[PDB]
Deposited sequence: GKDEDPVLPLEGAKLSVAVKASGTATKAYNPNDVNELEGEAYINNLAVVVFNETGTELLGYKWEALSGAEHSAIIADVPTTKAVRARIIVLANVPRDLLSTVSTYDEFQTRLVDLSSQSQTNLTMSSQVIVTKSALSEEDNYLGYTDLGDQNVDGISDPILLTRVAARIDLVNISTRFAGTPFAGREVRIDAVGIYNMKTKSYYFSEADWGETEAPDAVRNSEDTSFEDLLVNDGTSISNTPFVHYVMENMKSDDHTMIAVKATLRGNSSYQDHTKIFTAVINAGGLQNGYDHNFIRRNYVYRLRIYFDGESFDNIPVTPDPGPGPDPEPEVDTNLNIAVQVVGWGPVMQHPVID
């Protein structure tokens, strides 16, 4: 019947919050901007009716891409959502906007070469036409729906935690000259579920689903002392947004202070809330936000372990681990 009413969308992966030159906010690993597929869902103004959808796999798309000729049954005002790296069949089961808002993306689908992104909820001011509609086409300018000529920004639902360094502060303490062995590193209180999108651009995607602890990443020969600078960043983990929950995302470190014939080995599990002082440090938020990278520096000191005398099992948890968190942008290197 009334066919030929279509929508074409030009997209771009959001890098940093500020559209400015900053080398420190360049933290994107290869693959993290891959656009394996694009999906567009179009609802009527109230989200009561589905006007159309399209999912499409892409080859060699990264940072920016196009999804052309999305069908839109009617020439009416619409509610549009654009997503990248989502399941092929997600949109085929869509009915209403309110039901689509309930859909959850699991952290198990997230990897360095596949990160789910989405746009804000675009509510058109003008009705769409019975012909070809466009969004994000810079060269078309005002011919775009509501003159939205800049590519639709797609923001990651995931966040990345990086353990950049572990060191000790034992000089002038009773633990001076002793080494600590890093047994394992993991994430405590991580959100493994997320909404696919938010109504606002870079809005809240945090899902109410109960937090979970990650599997521990073991280390064979990871020894630390006073002056240890780790250039490899031994632990990198994707997590979902976590800012509203009482169970704040934490770094977990099982560490052992080595013996010396006078004192026994001392093993504990050390935990610390990531970005507890973000707002005080000049960042736009505390805790974990979507599309942000968290650079963690860990320190052991004179208050970290006890001097247990040598004798002629379950490790205790110390929530008072001293850590420094640098919140950085998730931007790429300069493009063409």
Item to check | Segments lacking C-alpha coordinates (deposited sequence numbering, starting at 1) | outcome: 1 to 8, 321 to 327, 352 to 355
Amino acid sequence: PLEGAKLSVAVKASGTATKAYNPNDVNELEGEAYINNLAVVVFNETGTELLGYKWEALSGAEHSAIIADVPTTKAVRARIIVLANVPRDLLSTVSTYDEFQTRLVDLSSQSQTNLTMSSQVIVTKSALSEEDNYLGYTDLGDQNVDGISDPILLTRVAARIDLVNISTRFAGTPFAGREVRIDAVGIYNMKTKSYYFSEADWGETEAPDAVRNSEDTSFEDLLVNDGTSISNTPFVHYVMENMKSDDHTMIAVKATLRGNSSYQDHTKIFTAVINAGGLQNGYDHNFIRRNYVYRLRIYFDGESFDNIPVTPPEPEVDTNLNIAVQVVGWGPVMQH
From here on, numbers count along this sequence of modelled residues.
Item to check | Between the two ranges 271 to 279 and 31 to 39, the one averaging a larger CA B factor in the entry | outcome: 271 to 279
Next on the checklist: Regarding 134 to 142 and 83 to 91, which shows the higher C-alpha temperature factor on average in the entry?
Outcome noted: 134 to 142
Checklist entry - According to the deposited entry, which of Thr249, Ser262, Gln110, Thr192 has the largest Cα B-factor? => result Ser262
Checklist outcome for this item: Note to self: of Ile288, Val26, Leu296, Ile66, the C-alpha temperature factor tops out at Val26
Item to check | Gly52 - which third its CA temperature factor falls in, relative to the rest of the chain | outcome: lowest
Next on the checklist: Is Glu215 in the lowest, middle or highest third of its chain when residues are ranked by C-alpha B-factor?
Outcome noted: highest
Checklist entry - If you rank the chain by CA B-factor, which third does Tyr238 end up in: lowest, middle or highest? => result lowest
Checklist entry - Where does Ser245 sit by CA temperature factor within its chain: lowest, middle or highest third? => result middle
Checklist entry - Which third of the chain does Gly177 land in by C-alpha B-factor: lowest, middle or highest? => result highest
